[PDB]
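The structure under discussion appears below in the form of structure tokens.
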Amino acid sequence: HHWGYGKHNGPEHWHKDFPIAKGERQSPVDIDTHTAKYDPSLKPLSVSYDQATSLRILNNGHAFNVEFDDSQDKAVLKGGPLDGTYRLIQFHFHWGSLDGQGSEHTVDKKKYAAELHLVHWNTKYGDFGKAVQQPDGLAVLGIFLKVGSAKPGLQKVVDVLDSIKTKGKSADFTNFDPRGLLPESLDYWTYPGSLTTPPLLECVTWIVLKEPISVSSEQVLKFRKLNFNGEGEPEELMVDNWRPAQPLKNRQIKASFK
Ligand SMILES: N#Cc1ccc(-c2ccc(S(N)(=O)=O)cc2)cc1
Ligand SMILES: N#Cc1ccc(-c2ccc(S(N)(=O)=O)cc2)cc1
Ligand SMILES: [Zn+2]
């Protein structure tokens with residue numbers, strides 16, 4: 001027993017072990033597209049994933065992470081609101097029990113079927129563990145998923161999920177190209193926030209893409225076959241692993257586009 005997304009250990013409970021849950025820069029938030037400020041001074045995002053090296057896929061009991069070799073500058077995010085260089089460590093998703101919910105960020109209160117998080121750490125801090133302890137330690141690129149046409153670049157991920165059904169299971173996952181998960185446009189909103197799960201540390205520059213990607217009904221259905229539990233423990237489907245929108249408080253969301 002620990003934090004999760006159930007009746008008894010879900011988002012409304014987290015503050016009791018992680019008091020920063022009620023902090024001043026918590027994520028996710030609703031993106032009010034009409035209050036967001038266009039900043040013509042924001043640089044284009046630079047996503048350089050051509051040399052990415054995926055290693056493994058892991059069911060951690062809260063989601064599944066596709067992990068990368070982050071020991072060199074092989075897959076990096078720069079530009080936009082960011083100073084310096086951020087290294088890709090892993091990506092994961094949050095999703096719903098139904099197509100009408102699943103995203104963590106919302107857009108004018110709209111919820112998408114899922115949300116992809118590509119997690120990067122600021123190389124000036126040397127590694128991920130040190131980066132999460134810093135106010136500008138992480139840059140998370142968030143991408144919304146809507147149900148429609150299939151995303152061919154997602155299919156290799158979908159097909160390996162059968163081998164990591166339960167908490168603690170991992171599988172080799174090499175040569176996966178995260179460029180296949182991106183939409184056409186790199187137009188984005190950006191704001192200062194936090195990890196959306198415990199420990200909820202306020203270490204994230206959020207960069208959320210305006211353009212969702214489309215995935216098929218069958219692709220998201222396969223996410224919903226995963227389990228929160230370990231093998232041989234009672235089966236609970238890994239669904240609705242999203243935190244709802246948190247108060248914006250003293251924050252402005254910026255937009256890269258008019
Ligand atoms: N049986 C049982 C049982 C049910 C719920 C908990 C629990 C643990 C951690 C948290 S949290 N989210 O603060 O970390 C919340 C609830 C423990 C045991
Ligand atoms: N130890 C540890 C430890 C556990 C979990 C994370 C984490 C990373 C990204 C996110 S998110 N959903 O904001 O992209 C949430 C949590 C970091 C450190
Ligand atoms: Zn996430």
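Indexing begins at 1, ligand by ligand and atom by atom, following the structure's order. Both backbone and side-chain heavy atoms feed into the values below; hydrogens, waters and symmetry mates do not. Note that the numbering runs from 1 along the sequence shown for the chain.
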Item to check | Proximal candidate to atom 4 (C) of ligand 1 [heavy atom criterion; set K16, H2, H8, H15] | outcome: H8

Item to check | Closer than 2.8 Å to the Zn ion (ligand 3) - protein N, O or S atoms, ordered by chain and residue number | outcome: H92 NE2, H94 NE2, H117 ND1

Item to check | N or O contact, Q90 vs ligand 2, cut-off under 3.5 Å | outcome: no

Checklist entry - Who's closest to atom 5 (C) of ligand 2 heavy-atom-wise, of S194, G137, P198, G142? => result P198

Item to check | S103 side-chain N/O to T106 backbone N/O, donor-acceptor pair under 3.5 Å | outcome: no

Checklist entry - For atom 12 (N) of ligand 2, what's the nearest protein heavy atom and its distance? => result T196 OG1, 2.8 Å

Checklist entry - By number and element, which atoms of ligand 2 are closer than 4.0 Å to a non-hydrogen atom of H92? => result 11 (S), 12 (N), 14 (O)

Item to check | ligand 2 atoms in contact with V119 (distance to a heavy atom under 4.0 Å) | outcome: 14 (O)

Checklist entry - Please walk me through it: do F91 and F176 pass ring pair (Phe, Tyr, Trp, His ring centres under 6.0 Å)? => result CA-CA 11 Å; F91 70 79; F176 179 78; 5.6 Å; yes

Checklist entry - Are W189 and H105 close enough that their ring centres sit under 6.0 Å apart? => result no

Next on the checklist: Within ligand 2, which atoms have a heavy atom of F128 less than 4.0 Å away?
Outcome noted: 17 (C), 18 (C)

Checklist entry - For atom 15 (C) of ligand 2, what's the nearest protein heavy atom and its distance? => result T197 OG1, 3.6 Å

Next on the checklist: Among all protein heavy atoms in this structure, tell me which lies nearest to atom 9 (C) of ligand 2, with the distance rounded to 0.1 Å.
Outcome noted: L195 CD2, 3.7 Å

Checklist entry - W121: heavy atom below 4.0 Å from ligand 2, yes or no? => result no

Checklist entry - Does the protein put a heavy atom under 4.0 Å from atom 1 (N) of ligand 2? => result no

Item to check | Pairwise side-chain contact, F93 with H117, heavy-atom cut-off 4.5 Å (strictly under) | outcome: no

Item to check | Nearest non-hydrogen protein atom, atom 3 (C) of ligand 2 | outcome: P199 CD, 4.1 Å

Item to check | Listed partners of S54 passing side-chain hydrogen bond (donor to acceptor under 3.5 Å, both in side chains), at least two apart | outcome: none

Item to check | Non-hydrogen side-chain atoms of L195 and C203 separated by less than 4.5 Å | outcome: yes

Checklist entry - Which ligand 2 atoms does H94 reach within 4.0 Å, using its non-hydrogen atoms? => result 12 (N)

Checklist entry - Do the side chains of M238 and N227 get nearer than 4.5 Å, heavy atoms only? => result no

Checklist entry - With under 30° as parallel and over 60° as perpendicular, where do the rings of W95 and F64 fit, or are they tilted in between? => result tilted

Next on the checklist: Determine whether a donor-acceptor pair (N or O, by modelled atom type, separation under 3.5 Å) exists between the side chain of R87 and the backbone of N122.
Outcome noted: no

Item to check | Carboxylate-amine/guanidinium contact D108 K110, below 4.0 Å | outcome: no

Next on the checklist: Quick check: is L98 connected to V220 through a chain of hydrophobic side chains (ILVMFWY, heavy atoms under 4.5 Å apart)?
Outcome noted: no

Checklist entry - Can you find a pair of side-chain heavy atoms, one from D136 and one from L82, that are under 4.5 Å apart? => result no

